[PDB]
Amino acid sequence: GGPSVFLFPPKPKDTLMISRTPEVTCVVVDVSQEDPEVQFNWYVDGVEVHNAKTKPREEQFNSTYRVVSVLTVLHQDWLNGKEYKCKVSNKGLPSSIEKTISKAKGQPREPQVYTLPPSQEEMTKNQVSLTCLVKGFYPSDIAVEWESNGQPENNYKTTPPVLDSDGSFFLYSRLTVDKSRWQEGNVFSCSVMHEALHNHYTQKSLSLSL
C-alpha cells in the first residue's frame, strides 16, 4: 500500500497580516520503520524553494510513522494564487508522491457583517447569545473573533462557512455572555478578517439598546 500525503493550507488569519507566519504543511503518514529517510522537495509555481523545516519522524500508536514538513509562504504569494507543491520521496529510491495546493479561484467578494442582539425569549436565561452574521463572502477562507473592552472574549463558537445559492458563503458566530454584562450596557464587537475587506479587517459592535 505505502504512505499517503496530505497538504494543508495556511490558517486564514495568518495570510492576512504580514506580521503573522502563514505556512503550508505537508504531512506523510503510514511510513514504515524500515523506509529510508523521507525527503521533501517544495516548489512555488514550479520553482524549487529551500526554506522548509522538516521535523524528525514520529511514531504513531498504530505502529506507523508520521513525518511533517512546513513551508513558510509569502502572504502576497498565497493571496495572489501561487501554487505550492510538495514532492515526497525516500532517500536512495526513485519514486515519489506529489500534492499541490493554492487559494480557491474566483472573484473575491467582501463579507457583509451584521450583529444581532439576544432574542427577547432568551432574556429570561442566566446567559444570552450575541450573534454575528457574516455573509456574501468569497473565498470561504475567513476568521472571526469577539472582544469587549479591548480584550478577547473566550466563550464563542463559529459555524463553518456554508455555501449560498449565489455562490458566496455565509456563517454565524455565537458569543455567550452573562446577562448581567449585557444588561449593564457593555459593548461587544465581532471582528472579521477576510482578503476582500479594506485592510483585511472590519469590526461591528453591539450593546443593549436605548
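In this text, residue numbers run from 1 along the sequence as written. Take the two forms, superpose them, and find the largest set of C-alpha atoms that agree within 1.5 Å; that set is the rigid core.
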Quiz item: in 4 other deposited structures of this protein, superposed on the rigid core, which stretch sits farther off in Cα RMS terms, 177-185 or 45-53?
Solution: 45-53
Quiz item: Core fit done; bigger CA RMS in 4 other deposited structures of this protein for 21-29 or for 187-195?
Solution: 21-29
Quiz item: If you average the CA temperature factors over each stretch, which comes out higher, 54-62 or 156-164?
Solution: 54-62
Quiz prompt | Entry-level comparison of average CA B-factors, 192-200 and 21-29, reporting the higher stretch | solution = 192-200
Quiz prompt | Out of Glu147, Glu37, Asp45, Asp141, highest CA B-factor residue | solution = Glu37
Quiz item: Taking the values straight from the PDB record, which of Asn126, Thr100, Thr72, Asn80 has the highest C-alpha temperature factor?
Solution: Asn126
Self-check item: Where the record places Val88 (Cα B-factor, split into thirds across the chain)
Solution: middle
Quiz item: C-alpha B factor of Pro111, ranked within the chain: lowest, middle or highest third?
Solution: highest
Self-check item: Third of the chain, ranked by Cα B-factor, where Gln183 sits
Solution: highest
Quiz prompt | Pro94 - Cα temperature factor, lowest/middle/highest third of chain | solution = highest
Quiz item: Relative to the other modelled residues in the chain, which third contains the C-alpha temperature factor of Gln151: lowest, middle or highest?
Solution: highest
